[PDB]
């Protein structure tokens, strides 16, 4: 319970801005946002090596990220689309260590 995602569920209407928040008590330098489609692995969207830094992952298109504090890493869908319906997982870490959140189910209507 050291990594908390909010909200745990989100129902969005196509075109709404959606911000997913990831809060940690690990004091970890790195934070991560992944998308997990049914029957696939975790794909890396954006990550951060510390406050004020965001780096594009492997599937950055149509997401922005924000690391406003050491403890928080936000994922932003500026204009929700049906193709973004998925389960999103954030993680904190350092070196090769990964500590995952419980996931956020997103349904875009």
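Positions refer to the first chain, counted from 1.
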| property | result |
| --- | --- |
| 50-58 versus 79-87 - which carries the larger mean C-alpha B factor in the record | 79-87 |
| Between the two ranges 9-17 and 94-102, the one averaging a larger CA B factor in the entry | 9-17 |
| Chain-wide C-alpha B factor ranking for residue 66, given as lowest, middle or highest third | middle |
| Third of the chain's Cα B-factor distribution that residue 27 belongs to, per the entry | lowest |
